[PDB]
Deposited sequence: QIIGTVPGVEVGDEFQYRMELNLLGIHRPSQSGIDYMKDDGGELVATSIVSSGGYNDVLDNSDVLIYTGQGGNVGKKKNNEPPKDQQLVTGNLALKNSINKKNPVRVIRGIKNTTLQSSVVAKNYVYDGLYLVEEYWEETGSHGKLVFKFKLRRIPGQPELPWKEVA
């Protein structure tokens, strides 16, 4: 499974099903929001933001992406591991990450981003949540919204 741009897939491309991001090699997991891979430190390779968490899409070049897990079953911390750990190490690896957005014909490839930072958030209950600040790599084609 490959980093960066994917042959055949262009910014603004749309898809109906998660299972096509997998087929085309854009995003492997069938449900999970984060896909990553061993480098042996985990690095992130793509994320889907499609309404499942409290993600922030400004219609700008910055997005806040919520970490997975913790029930955001009963309310638990979130954990810096698997996907979450991937995204973080991708802060330092400065590697590009595909970002796919779910739309109100269901998904759109939004292009490449980097993970500038992450932080923690004591939530409305008392448990952790991570937030990863991704910036879109400047100079890619644009999309409407």
> What are the unmodelled segments when the structure is compared with the full deposited sequence, in sequence order?
Replying inline: 40-41, 75-80, 113-122, 164-167
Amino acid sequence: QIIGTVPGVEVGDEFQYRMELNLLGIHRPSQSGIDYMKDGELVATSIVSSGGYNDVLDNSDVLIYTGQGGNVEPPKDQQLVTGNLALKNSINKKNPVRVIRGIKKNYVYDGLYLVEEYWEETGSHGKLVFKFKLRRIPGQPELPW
From here on, numbers count along this sequence of modelled residues.
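Rigid core: the largest C-alpha set superposing within 1.5 Å between the two forms.
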>> Aligning on the core, I want to see which stretch wanders more in 4 other deposited structures of this protein. Is it 86-94 or 51-59 by C-alpha RMS?
In response: 51-59
> Which wins on mean Cα temperature factor, 27-35 or 85-93?
Replying inline: 85-93
> If you average the CA temperature factors over each stretch, which comes out higher, 56-64 or 74-82?
Replying inline: 74-82
> Out of 136, 131, 125, 18, which residue has the highest Cα temperature factor in the PDB record?
Replying inline: 125
>> Quick check for you: using the entry's CA B-factors within this chain, is residue 117 in the lowest, middle or highest third?
In response: lowest
> Against its chain's modelled residues, does residue 43's Cα B factor rank lowest, middle or highest third?
Replying inline: highest
